[PDB]
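Quick look at data_36.pdb (PDB, C-alpha atoms and all ligand atoms):
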MODEL        1
ATOM      1  CA  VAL A   3     101.650  73.698  55.541
ATOM      2  CA  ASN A   4      99.059  70.814  55.949
ATOM      3  CA  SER A   5      95.439  70.273  57.283
ATOM      4  CA  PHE A   6      96.159  68.730  60.767
ATOM      5  CA  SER A   7      94.688  70.941  63.523
ATOM      6  CA  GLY A   8      95.180  71.143  67.284
ATOM      7  CA  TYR A   9      98.291  68.965  67.552
ATOM      8  CA  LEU A  10     100.854  69.686  70.262
ATOM      9  CA  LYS A  11     104.398  69.865  68.900
ATOM     10  CA  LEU A  12     106.682  67.350  70.635
ATOM     11  CA  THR A  13     109.770  67.630  68.387
ATOM     12  CA  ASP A  14     110.833  69.000  65.006
ATOM     13  CA  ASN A  15     108.805  66.281  63.257
ATOM     14  CA  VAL A  16     106.405  64.634  65.783
ATOM     15  CA  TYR A  17     103.036  66.098  66.792
ATOM     16  CA  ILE A  18     100.360  64.606  69.093
ATOM     17  CA  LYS A  19      96.640  65.024  69.739
ATOM     18  CA  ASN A  20      93.942  63.406  71.877
ATOM     19  CA  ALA A  21      91.731  62.225  69.004
ATOM     20  CA  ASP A  22      90.014  59.240  67.449
ATOM     21  CA  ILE A  23      92.206  58.303  64.467
ATOM     22  CA  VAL A  24      89.091  57.318  62.491
ATOM     23  CA  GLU A  25      87.488  60.777  63.028
ATOM     24  CA  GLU A  26      90.815  62.446  62.260
ATOM     25  CA  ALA A  27      91.202  60.474  59.018
ATOM     26  CA  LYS A  28      87.625  61.283  57.971
ATOM     27  CA  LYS A  29      88.261  65.075  58.543
ATOM     28  CA  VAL A  30      91.868  65.374  57.104
ATOM     29  CA  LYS A  31      91.926  62.618  54.388
ATOM     30  CA  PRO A  32      95.668  62.340  54.877
ATOM     31  CA  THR A  33      97.906  60.889  52.180
ATOM     32  CA  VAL A  34      98.782  58.054  54.677
ATOM     33  CA  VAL A  35      96.945  56.677  57.666
ATOM     34  CA  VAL A  36      98.840  54.044  59.656
ATOM     35  CA  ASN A  37      96.987  50.951  60.827
ATOM     36  CA  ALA A  38      98.145  49.081  63.939
ATOM     37  CA  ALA A  39      97.986  45.763  62.077
ATOM     38  CA  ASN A  40      98.811  42.146  62.862
ATOM     39  CA  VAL A  41     100.742  39.868  60.486
ATOM     40  CA  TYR A  42      97.495  38.310  59.149
ATOM     41  CA  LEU A  43      95.847  41.700  58.491
ATOM     42  CA  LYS A  44      92.881  40.481  60.546
ATOM     43  CA  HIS A  45      91.338  43.804  61.531
ATOM     44  CA  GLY A  46      89.260  42.678  64.533
ATOM     45  CA  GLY A  47      89.856  45.141  67.311
ATOM     46  CA  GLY A  48      91.663  48.247  68.376
ATOM     47  CA  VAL A  49      92.687  50.750  65.727
ATOM     48  CA  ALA A  50      92.516  48.083  62.998
ATOM     49  CA  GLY A  51      88.963  47.062  63.870
ATOM     50  CA  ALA A  52      87.915  50.718  64.078
ATOM     51  CA  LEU A  53      89.528  51.724  60.721
ATOM     52  CA  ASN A  54      88.127  48.637  59.027
ATOM     53  CA  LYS A  55      84.588  49.276  60.381
ATOM     54  CA  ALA A  56      84.778  52.860  59.032
ATOM     55  CA  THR A  57      85.573  51.405  55.545
ATOM     56  CA  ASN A  58      82.443  49.191  55.678
ATOM     57  CA  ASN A  59      84.825  46.118  55.739
ATOM     58  CA  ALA A  60      86.425  47.105  52.402
ATOM     59  CA  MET A  61      89.813  47.236  54.210
ATOM     60  CA  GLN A  62      89.371  43.603  55.332
ATOM     61  CA  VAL A  63      88.302  42.449  51.824
ATOM     62  CA  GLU A  64      91.388  44.070  50.267
ATOM     63  CA  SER A  65      93.590  42.688  53.053
ATOM     64  CA  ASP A  66      92.361  39.115  52.605
ATOM     65  CA  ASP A  67      93.259  39.276  48.896
ATOM     66  CA  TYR A  68      96.715  40.703  49.869
ATOM     67  CA  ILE A  69      97.392  37.812  52.304
ATOM     68  CA  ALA A  70      96.063  35.164  49.862
ATOM     69  CA  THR A  71      98.630  36.416  47.300
ATOM     70  CA  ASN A  72     101.626  37.369  49.517
ATOM     71  CA  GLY A  73     101.326  35.524  52.825
ATOM     72  CA  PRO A  74     101.625  37.179  56.204
ATOM     73  CA  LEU A  75     103.700  40.221  57.121
ATOM     74  CA  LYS A  76     106.649  40.076  59.527
ATOM     75  CA  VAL A  77     106.428  41.516  63.029
ATOM     76  CA  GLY A  78     108.156  44.880  62.494
ATOM     77  CA  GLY A  79     107.060  44.919  58.812
ATOM     78  CA  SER A  80     104.446  46.733  56.816
ATOM     79  CA  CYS A  81     102.570  46.936  53.529
ATOM     80  CA  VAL A  82     100.879  49.807  51.686
ATOM     81  CA  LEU A  83      97.254  49.229  50.705
ATOM     82  CA  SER A  84      94.328  51.496  49.843
ATOM     83  CA  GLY A  85      93.123  54.115  52.373
ATOM     84  CA  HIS A  86      89.578  53.600  51.038
ATOM     85  CA  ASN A  87      87.297  56.434  52.237
ATOM     86  CA  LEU A  88      89.760  57.487  55.034
ATOM     87  CA  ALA A  89      93.044  58.368  53.306
ATOM     88  CA  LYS A  90      94.804  57.931  49.976
ATOM     89  CA  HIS A  91      96.859  55.016  51.376
ATOM     90  CA  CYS A  92      96.879  52.879  54.509
ATOM     91  CA  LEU A  93     100.280  51.823  55.786
ATOM     92  CA  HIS A  94      99.610  48.593  57.731
ATOM     93  CA  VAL A  95     102.427  48.346  60.301
ATOM     94  CA  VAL A  96     102.936  45.379  62.645
ATOM     95  CA  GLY A  97     104.279  46.413  66.002
ATOM     96  CA  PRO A  98     105.081  43.625  68.430
ATOM     97  CA  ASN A  99     102.144  42.457  70.558
ATOM     98  CA  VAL A 100     103.427  41.928  74.124
ATOM     99  CA  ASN A 101     100.158  40.095  74.977
ATOM    100  CA  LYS A 102     101.086  37.475  72.283
ATOM    101  CA  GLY A 103     104.666  37.296  73.715
ATOM    102  CA  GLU A 104     106.355  39.102  70.751
ATOM    103  CA  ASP A 105     109.770  40.830  71.200
ATOM    104  CA  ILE A 106     109.329  44.539  72.228
ATOM    105  CA  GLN A 107     112.779  45.106  70.599
ATOM    106  CA  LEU A 108     110.971  44.953  67.162
ATOM    107  CA  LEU A 109     109.158  48.239  67.912
ATOM    108  CA  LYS A 110     112.002  50.337  66.428
ATOM    109  CA  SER A 111     111.877  48.260  63.205
ATOM    110  CA  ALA A 112     108.081  48.824  63.074
ATOM    111  CA  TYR A 113     108.495  52.643  63.373
ATOM    112  CA  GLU A 114     111.248  52.641  60.650
ATOM    113  CA  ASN A 115     108.469  51.886  58.131
ATOM    114  CA  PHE A 116     107.137  55.440  58.733
ATOM    115  CA  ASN A 117     110.342  56.890  57.222
ATOM    116  CA  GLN A 118     109.191  55.778  53.727
ATOM    117  CA  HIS A 119     106.367  58.383  53.837
ATOM    118  CA  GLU A 120     106.773  62.186  54.121
ATOM    119  CA  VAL A 121     103.679  62.745  56.287
ATOM    120  CA  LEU A 122     101.530  60.236  58.253
ATOM    121  CA  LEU A 123      98.538  60.164  60.570
ATOM    122  CA  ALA A 124      99.332  57.323  63.025
ATOM    123  CA  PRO A 125      98.523  55.659  66.332
ATOM    124  CA  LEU A 126     101.119  54.828  68.940
ATOM    125  CA  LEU A 127     102.449  51.421  67.858
ATOM    126  CA  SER A 128     102.385  48.558  70.421
ATOM    127  CA  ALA A 129     100.336  50.593  72.995
ATOM    128  CA  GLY A 130      96.738  49.918  74.210
ATOM    129  CA  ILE A 131      95.738  46.232  73.636
ATOM    130  CA  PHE A 132      99.266  45.534  72.096
ATOM    131  CA  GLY A 133     100.399  45.538  75.647
ATOM    132  CA  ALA A 134     103.580  47.688  75.491
ATOM    133  CA  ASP A 135     104.388  50.701  77.683
ATOM    134  CA  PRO A 136     103.006  53.678  75.765
ATOM    135  CA  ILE A 137     105.635  56.079  77.214
ATOM    136  CA  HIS A 138     108.272  53.753  75.716
ATOM    137  CA  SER A 139     106.418  53.620  72.379
ATOM    138  CA  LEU A 140     106.359  57.433  72.155
ATOM    139  CA  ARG A 141     110.085  57.588  72.995
ATOM    140  CA  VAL A 142     110.910  54.999  70.270
ATOM    141  CA  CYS A 143     108.703  56.940  67.815
ATOM    142  CA  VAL A 144     110.446  60.293  68.403
ATOM    143  CA  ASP A 145     113.900  58.635  68.354
ATOM    144  CA  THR A 146     113.197  56.639  65.101
ATOM    145  CA  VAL A 147     110.801  58.500  62.809
ATOM    146  CA  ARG A 148     112.381  61.376  60.803
ATOM    147  CA  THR A 149     109.325  62.163  58.625
ATOM    148  CA  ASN A 150     106.383  64.160  59.850
ATOM    149  CA  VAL A 151     104.084  62.133  62.050
ATOM    150  CA  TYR A 152     100.784  63.233  63.530
ATOM    151  CA  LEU A 153      99.964  60.878  66.425
ATOM    152  CA  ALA A 154      96.294  60.463  67.285
ATOM    153  CA  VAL A 155      95.938  59.040  70.841
ATOM    154  CA  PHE A 156      92.364  57.809  71.564
ATOM    155  CA  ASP A 157      92.550  57.518  75.364
ATOM    156  CA  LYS A 158      92.236  60.982  77.087
ATOM    157  CA  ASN A 159      93.959  60.061  80.330
ATOM    158  CA  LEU A 160      96.758  58.401  78.326
ATOM    159  CA  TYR A 161      97.254  61.535  76.188
ATOM    160  CA  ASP A 162      97.618  63.652  79.333
ATOM    161  CA  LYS A 163     100.073  61.124  80.841
ATOM    162  CA  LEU A 164     102.156  61.022  77.624
ATOM    163  CA  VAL A 165     102.434  64.812  77.319
ATOM    164  CA  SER A 166     103.174  65.368  81.022
ATOM    165  CA  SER A 167     105.933  62.694  81.031
ATOM    166  CA  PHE A 168     107.545  63.514  77.673
ATOM    167  CA  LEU A 169     111.264  64.361  77.802
TER     168      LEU A 169
HETATM  169  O1  LIG A 201      95.402  55.639  71.189
HETATM  170  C1  LIG A 201      95.373  55.012  72.269
HETATM  171  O2  LIG A 201      94.636  55.216  73.242
HETATM  172  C2  LIG A 201      96.447  53.916  72.501
HETATM  173  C3  LIG A 201      96.342  52.777  71.580
HETATM  174  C4  LIG A 201      97.246  52.609  70.499
HETATM  175  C5  LIG A 201      97.012  51.515  69.707
HETATM  176  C6  LIG A 201      95.985  50.758  69.821
HETATM  177 CL1  LIG A 201      95.783  49.441  68.731
HETATM  178  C7  LIG A 201      95.108  50.930  70.783
HETATM  179 CL2  LIG A 201      93.803  49.924  70.999
HETATM  180  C8  LIG A 201      95.255  51.952  71.639
ENDMDL
END
I need this file expressed as structure tokens, please.
Ligand SMILES: O=C(O)Cc1ccc(Cl)c(Cl)c1
Amino acid sequence: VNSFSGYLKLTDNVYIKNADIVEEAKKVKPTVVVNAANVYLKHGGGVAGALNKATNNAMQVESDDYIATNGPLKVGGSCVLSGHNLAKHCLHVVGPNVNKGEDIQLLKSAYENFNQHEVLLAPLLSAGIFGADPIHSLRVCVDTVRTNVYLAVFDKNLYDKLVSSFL
């Protein structure tokens, strides 16, 4: 049993809700919240900007020290940093950004990072401003992630479209 409420069950291990991931994280305080990061951990917009704003920029401060020490992530890669006030940990995962011309084929690699954590609160990788087809992203998620993932979809109309079209 866990603290996630009102999620629709898609598969054995994947659940989905129309929710703001920031508000979800603040309510649940999951062990792991996933950030839809870029390789520089520059948390400007989208989920990253929203999570970082909710940490009062502490996520960005920590991230800048991480990059200064380690250099950028890979597209498809991840790192574990603090969850600050939102979660125990934040798993920063870099899905490909189609609007930057990155290879959509790296989306599966990005979702494989979730398998290192038993339970996660996450957004749909590579959807929204990342420019990928969200139906595709959900399919890759369910076909790749084996651990328990609670997907928080911000856009209402998108949530309805994802559920109605799910195979
Ligand atoms: O939750 C959504 O509505 C879809 C989505 C997923 C990722 C990002 Cl970064 C964004 Cl902006 C939106």
I'd like to see the residues matched by the PyMOL selection byres (((chain A and resi 58-74) around 12) and not hetatm) on this file, and ideally I'd get them as a PyMOL selection string. chain A and resi 37+39-46+50-57+75-89+91-96
Please identify the residues whose atoms come within 7 Å of ligand LIG 201 (chain A), using all atoms listed in the file, and report them as a PDB file with C-alpha atoms, keeping the file's coordinate frame.
ATOM      1  CA  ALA A  38      98.145  49.081  63.939  1.00  0.00           C
ATOM      2  CA  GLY A  48      91.663  48.247  68.376  1.00  0.00           C
ATOM      3  CA  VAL A  49      92.687  50.750  65.727  1.00  0.00           C
ATOM      4  CA  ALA A  50      92.516  48.083  62.998  1.00  0.00           C
ATOM      5  CA  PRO A 125      98.523  55.659  66.332  1.00  0.00           C
ATOM      6  CA  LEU A 126     101.119  54.828  68.940  1.00  0.00           C
ATOM      7  CA  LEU A 127     102.449  51.421  67.858  1.00  0.00           C
ATOM      8  CA  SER A 128     102.385  48.558  70.421  1.00  0.00           C
ATOM      9  CA  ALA A 129     100.336  50.593  72.995  1.00  0.00           C
ATOM     10  CA  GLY A 130      96.738  49.918  74.210  1.00  0.00           C
ATOM     11  CA  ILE A 131      95.738  46.232  73.636  1.00  0.00           C
ATOM     12  CA  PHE A 132      99.266  45.534  72.096  1.00  0.00           C
ATOM     13  CA  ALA A 154      96.294  60.463  67.285  1.00  0.00           C
ATOM     14  CA  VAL A 155      95.938  59.040  70.841  1.00  0.00           C
ATOM     15  CA  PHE A 156      92.364  57.809  71.564  1.00  0.00           C
ATOM     16  CA  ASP A 157      92.550  57.518  75.364  1.00  0.00           C
ATOM     17  CA  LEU A 160      96.758  58.401  78.326  1.00  0.00           C
TER      18      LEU A 160
END
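Nearest residue to residue 36 in chain A, choosing from A:15, A:139, A:115, A:167 and counting all atoms listed in the file: A:115.
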Run the PyMOL selection byres (((chain A and resi 140) around 10) and not hetatm) against the file shown and list the residues it catches, as a PDB file with C-alpha atoms, keeping the file's coordinate frame.
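Saved as selection-v9.pdb:
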ATOM      1  CA  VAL A  16     106.405  64.634  65.783  1.00  0.00           C
ATOM      2  CA  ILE A  18     100.360  64.606  69.093  1.00  0.00           C
ATOM      3  CA  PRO A 125      98.523  55.659  66.332  1.00  0.00           C
ATOM      4  CA  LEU A 126     101.119  54.828  68.940  1.00  0.00           C
ATOM      5  CA  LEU A 127     102.449  51.421  67.858  1.00  0.00           C
ATOM      6  CA  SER A 128     102.385  48.558  70.421  1.00  0.00           C
ATOM      7  CA  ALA A 129     100.336  50.593  72.995  1.00  0.00           C
ATOM      8  CA  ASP A 135     104.388  50.701  77.683  1.00  0.00           C
ATOM      9  CA  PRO A 136     103.006  53.678  75.765  1.00  0.00           C
ATOM     10  CA  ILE A 137     105.635  56.079  77.214  1.00  0.00           C
ATOM     11  CA  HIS A 138     108.272  53.753  75.716  1.00  0.00           C
ATOM     12  CA  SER A 139     106.418  53.620  72.379  1.00  0.00           C
ATOM     13  CA  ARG A 141     110.085  57.588  72.995  1.00  0.00           C
ATOM     14  CA  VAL A 142     110.910  54.999  70.270  1.00  0.00           C
ATOM     15  CA  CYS A 143     108.703  56.940  67.815  1.00  0.00           C
ATOM     16  CA  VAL A 144     110.446  60.293  68.403  1.00  0.00           C
ATOM     17  CA  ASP A 145     113.900  58.635  68.354  1.00  0.00           C
ATOM     18  CA  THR A 146     113.197  56.639  65.101  1.00  0.00           C
ATOM     19  CA  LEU A 153      99.964  60.878  66.425  1.00  0.00           C
ATOM     20  CA  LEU A 164     102.156  61.022  77.624  1.00  0.00           C
ATOM     21  CA  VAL A 165     102.434  64.812  77.319  1.00  0.00           C
ATOM     22  CA  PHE A 168     107.545  63.514  77.673  1.00  0.00           C
TER      23      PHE A 168
END
Expand the PyMOL selection byres (((chain A and resi 4) around 10) and not hetatm) into the explicit residue set it covers here, and present it as a ChimeraX atom specification. /A:3,5-7,30,32,121
What gap, in Å, lies between CA of residue 161 in chain A and CA of residue 10 in chain A?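 So the two atoms, CA of residue 161 in chain A and CA of residue 10 in chain A, lie 10.7 Å apart.
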Report, in Å with one decimal, the straight-line distance from CA of residue 122 in chain A to CA of residue 149 in chain A.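 Result for CA of residue 122 in chain A versus CA of residue 149 in chain A: 8.0 Å, one decimal.
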Would you compute the distance between CA of residue 151 in chain A and CA of residue 123 in chain A? Give it in Å to one decimal.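 Going from CA of residue 151 in chain A over to CA of residue 123 in chain A covers 6.1 Å.
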Output range 50-68 of chain A with N, CA, C and O atoms present, as a PDB file, in the coordinates of the input.
ATOM      1  N   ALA A  50      92.793  48.804  64.251  1.00  0.00           N
ATOM      2  CA  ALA A  50      92.516  48.083  62.998  1.00  0.00           C
ATOM      3  C   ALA A  50      91.035  47.829  62.861  1.00  0.00           C
ATOM      4  O   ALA A  50      90.438  48.065  61.786  1.00  0.00           O
ATOM      5  N   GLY A  51      90.394  47.333  63.928  1.00  0.00           N
ATOM      6  CA  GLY A  51      88.963  47.062  63.870  1.00  0.00           C
ATOM      7  C   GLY A  51      88.226  48.341  63.599  1.00  0.00           C
ATOM      8  O   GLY A  51      87.189  48.322  62.900  1.00  0.00           O
ATOM      9  N   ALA A  52      88.626  49.432  64.237  1.00  0.00           N
ATOM     10  CA  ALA A  52      87.915  50.718  64.078  1.00  0.00           C
ATOM     11  C   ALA A  52      88.089  51.263  62.656  1.00  0.00           C
ATOM     12  O   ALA A  52      87.093  51.726  62.025  1.00  0.00           O
ATOM     13  N   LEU A  53      89.299  51.269  62.131  1.00  0.00           N
ATOM     14  CA  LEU A  53      89.528  51.724  60.721  1.00  0.00           C
ATOM     15  C   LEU A  53      88.711  50.842  59.791  1.00  0.00           C
ATOM     16  O   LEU A  53      88.018  51.354  58.901  1.00  0.00           O
ATOM     17  N   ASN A  54      88.818  49.536  59.958  1.00  0.00           N
ATOM     18  CA  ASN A  54      88.127  48.637  59.027  1.00  0.00           C
ATOM     19  C   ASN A  54      86.618  48.881  59.078  1.00  0.00           C
ATOM     20  O   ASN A  54      85.944  48.967  58.009  1.00  0.00           O
ATOM     21  N   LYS A  55      86.045  49.041  60.259  1.00  0.00           N
ATOM     22  CA  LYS A  55      84.588  49.276  60.381  1.00  0.00           C
ATOM     23  C   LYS A  55      84.240  50.549  59.609  1.00  0.00           C
ATOM     24  O   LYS A  55      83.180  50.590  58.956  1.00  0.00           O
ATOM     25  N   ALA A  56      85.053  51.577  59.703  1.00  0.00           N
ATOM     26  CA  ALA A  56      84.778  52.860  59.032  1.00  0.00           C
ATOM     27  C   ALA A  56      84.840  52.725  57.515  1.00  0.00           C
ATOM     28  O   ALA A  56      84.258  53.584  56.807  1.00  0.00           O
ATOM     29  N   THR A  57      85.544  51.716  56.986  1.00  0.00           N
ATOM     30  CA  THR A  57      85.573  51.405  55.545  1.00  0.00           C
ATOM     31  C   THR A  57      84.453  50.452  55.159  1.00  0.00           C
ATOM     32  O   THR A  57      84.461  49.977  54.006  1.00  0.00           O
ATOM     33  N   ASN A  58      83.546  50.106  56.037  1.00  0.00           N
ATOM     34  CA  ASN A  58      82.443  49.191  55.678  1.00  0.00           C
ATOM     35  C   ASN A  58      83.018  47.812  55.351  1.00  0.00           C
ATOM     36  O   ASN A  58      82.411  47.094  54.519  1.00  0.00           O
ATOM     37  N   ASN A  59      84.128  47.406  55.988  1.00  0.00           N
ATOM     38  CA  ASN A  59      84.825  46.118  55.739  1.00  0.00           C
ATOM     39  C   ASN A  59      85.587  46.096  54.423  1.00  0.00           C
ATOM     40  O   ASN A  59      86.163  45.032  54.150  1.00  0.00           O
ATOM     41  N   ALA A  60      85.648  47.164  53.648  1.00  0.00           N
ATOM     42  CA  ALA A  60      86.425  47.105  52.402  1.00  0.00           C
ATOM     43  C   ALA A  60      87.911  46.906  52.711  1.00  0.00           C
ATOM     44  O   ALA A  60      88.595  46.228  51.923  1.00  0.00           O
ATOM     45  N   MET A  61      88.401  47.475  53.811  1.00  0.00           N
ATOM     46  CA  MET A  61      89.813  47.236  54.210  1.00  0.00           C
ATOM     47  C   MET A  61      90.068  45.738  54.415  1.00  0.00           C
ATOM     48  O   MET A  61      91.095  45.220  53.938  1.00  0.00           O
ATOM     49  N   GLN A  62      89.170  45.044  55.079  1.00  0.00           N
ATOM     50  CA  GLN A  62      89.371  43.603  55.332  1.00  0.00           C
ATOM     51  C   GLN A  62      89.319  42.820  54.023  1.00  0.00           C
ATOM     52  O   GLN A  62      90.141  41.915  53.840  1.00  0.00           O
ATOM     53  N   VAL A  63      88.406  43.161  53.135  1.00  0.00           N
ATOM     54  CA  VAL A  63      88.302  42.449  51.824  1.00  0.00           C
ATOM     55  C   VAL A  63      89.620  42.599  51.073  1.00  0.00           C
ATOM     56  O   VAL A  63      90.186  41.615  50.553  1.00  0.00           O
ATOM     57  N   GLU A  64      90.132  43.810  50.964  1.00  0.00           N
ATOM     58  CA  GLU A  64      91.388  44.070  50.267  1.00  0.00           C
ATOM     59  C   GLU A  64      92.510  43.305  50.962  1.00  0.00           C
ATOM     60  O   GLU A  64      93.408  42.776  50.293  1.00  0.00           O
ATOM     61  N   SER A  65      92.530  43.330  52.285  1.00  0.00           N
ATOM     62  CA  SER A  65      93.590  42.688  53.053  1.00  0.00           C
ATOM     63  C   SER A  65      93.587  41.179  52.853  1.00  0.00           C
ATOM     64  O   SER A  65      94.655  40.578  52.755  1.00  0.00           O
ATOM     65  N   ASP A  66      92.434  40.573  52.812  1.00  0.00           N
ATOM     66  CA  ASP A  66      92.361  39.115  52.605  1.00  0.00           C
ATOM     67  C   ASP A  66      92.937  38.773  51.226  1.00  0.00           C
ATOM     68  O   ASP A  66      93.646  37.739  51.143  1.00  0.00           O
ATOM     69  N   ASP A  67      92.652  39.549  50.210  1.00  0.00           N
ATOM     70  CA  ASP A  67      93.259  39.276  48.896  1.00  0.00           C
ATOM     71  C   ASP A  67      94.777  39.473  48.996  1.00  0.00           C
ATOM     72  O   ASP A  67      95.543  38.649  48.429  1.00  0.00           O
ATOM     73  N   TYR A  68      95.258  40.497  49.717  1.00  0.00           N
ATOM     74  CA  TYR A  68      96.715  40.703  49.869  1.00  0.00           C
ATOM     75  C   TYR A  68      97.349  39.472  50.516  1.00  0.00           C
ATOM     76  O   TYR A  68      98.415  38.977  50.033  1.00  0.00           O
TER      77      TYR A  68
END
